[PDB]
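This report refers to the structure that appears directly beneath it.
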Amino acid sequence: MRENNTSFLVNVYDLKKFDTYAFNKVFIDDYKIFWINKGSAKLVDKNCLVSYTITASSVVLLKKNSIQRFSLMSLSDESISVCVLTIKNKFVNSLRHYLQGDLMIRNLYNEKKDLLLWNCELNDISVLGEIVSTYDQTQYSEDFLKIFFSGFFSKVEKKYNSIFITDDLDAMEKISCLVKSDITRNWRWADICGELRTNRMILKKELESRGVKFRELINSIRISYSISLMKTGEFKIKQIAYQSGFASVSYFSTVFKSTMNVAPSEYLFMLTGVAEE
Ligand SMILES: CCCCCC/C=C\CCCCCCCC(=O)O
């Protein structure tokens, strides 16, 4: 029996005609890129107060460890499919140490942009479409894709003077890794700074730049954790809530609905296509 893909996750979601998805403080737990298959949609980035029209030749890149606030609204008179490619941590590591030589200008890039737009050449459209076409690819060696994505992320970074793939000494990565190492623990802000051996200073900068309080950040990480659990095959809402560190199903559901603008059971239906029972 062939095995699940170790480098990527592919999830496709139906965007009904003229409907809107709205995300409020969603934590991006891994690097993600997404695109629509046909038609057009309006993307409103509420972090930057910038609006974009995307088409089938656009790809939107979401930075790991960012907190996103945006909406996506279908502009088409037909159902649209949103394809979300998650790049897994094992694979991103390979990318950090792949590109030959030292890129001299990258030290003067900045980290201000967490949502990036790229208008694809058909080269890119071909490769991305084949990746998501079927669970295995086979015709795409892992090395081919490592070369492709390191070159792909390189040119997006150069369009924006911005670091997309960060080093793993990043303070926000250390925080989110620590929280997820014990997701049901009642984390306190002073405990995290203590265990990371970094005072409540450079760490506070990470909350401020994302516009969240500590308790908001923990809730956002826990929602992203619950979505990861649902993707593993866990479909019992009580188990999803408790394993993600929520005190009750009621509160999980309220936070989930505030973050994703749909109820947990609705998201489960979008994910699996199976209505309950
Ligand atoms: C938060 C990233 C979603 C980007 C794509 C938005 C398009 C359709 C909304 C359905 C997806 C809802 C969140 C998906 C969760 C995930 O796959 O990580």
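What follows draws every value from the coordinates through simple rules; no lab data is involved. Using ideal geometry, Cβ is built from the backbone for each residue, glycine included, and neighbour counts are taken over all protein chains shown.
If you average 1/r over every pair of different alpha-carbon atoms in region 213-277 and take one over that average, what Kirkwood value in Å do you get?
About 11.7 Å for region 213-277.
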For the chain: relative contact order, % (alpha-carbon pairs under 8 angstrom, 6 or more apart): 21 percent
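Using the crude model of +1 on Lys and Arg Cβ and -1 on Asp and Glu Cβ, and no other charge, please compute the dipole size for the chain relative to its Cα centre, in debye to 20. Could you put the intermediate results ahead of the total?
Details: 37 positive and 32 negative charges, 200 e Å.
Here the size comes out at about 960 debye.
Pulled fully out, how much extra length does the chain show between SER79 and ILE202, if you take 0.36 nm times their separation in residues and subtract their Cα-Cα distance?
Working: separation 123, 0.36 × 123 = 44.28 nm, distance 4.51 nm.
Stretched out fully, the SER79 to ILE202 stretch lengthens by 39.8 nm.
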Is there a quick way to get the dipole size of region 1-165? I mean about its Cα centre, with the Cβ of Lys and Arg at +1 and of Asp and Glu at -1; what is the value in debye to the nearest 20? 580 debye
Modelled FRET efficiency - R0 22 Å, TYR98 with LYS158, Cβ distances, 0.05 increments: 0.85
Under a Gaussian network model of the chain whose springs join Cα atoms within less than 10 Å, the largest fluctuation of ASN123, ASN199, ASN47 belongs to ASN123
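Give me Rg/Rg_expected for region 77-183, where Rg uses Cα atoms only and Rg_expected = 2.2 N^0.38 Å with N residues. Provide the component values of the computation, followed by the final result.
Working: Rg = 15.9 Å, N = 107, 2.2 N^0.38 = 13.0 Å.
Relative to the 2.2 N^0.38 Å estimate, region 77-183 comes out at 1.23.
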How large are Rg and Dmax for the chain when calculated on the C-alpha trace, in angstrom? 18.8, 57
At 7 Å along Cα-to-Cβ for each site, give me the label-to-label distance between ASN89 and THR232 in nm. 1.3 nm
Only helical DSSP H runs with n ≥ 4 go in: add -39500 (n - 2.57) per run for the chain, normalise by residue count and round the 222 nm mean residue ellipticity to 500 deg cm²/dmol. -12500 deg cm²/dmol
Considering the options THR138, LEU117, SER176, tell which one lies farthest towards the positive end of the dipole of region 39-184, charges being +1 on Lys and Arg and -1 on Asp and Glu at the Cβ, about the Cα centre. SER176
So, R0 is 30 Å and r is the distance between the beta-carbons of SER57 and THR254; what FRET efficiency does that work out to, to 0.05? 0.20
Label point distance in nm, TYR109-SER181, each placed 7 Å from Cα along Cα→Cβ: 2.8 nm
FRET efficiency, 1/(1 + (r/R0)^6) with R0 51 Å, evaluated for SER141 and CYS48 via beta carbons: 0.85
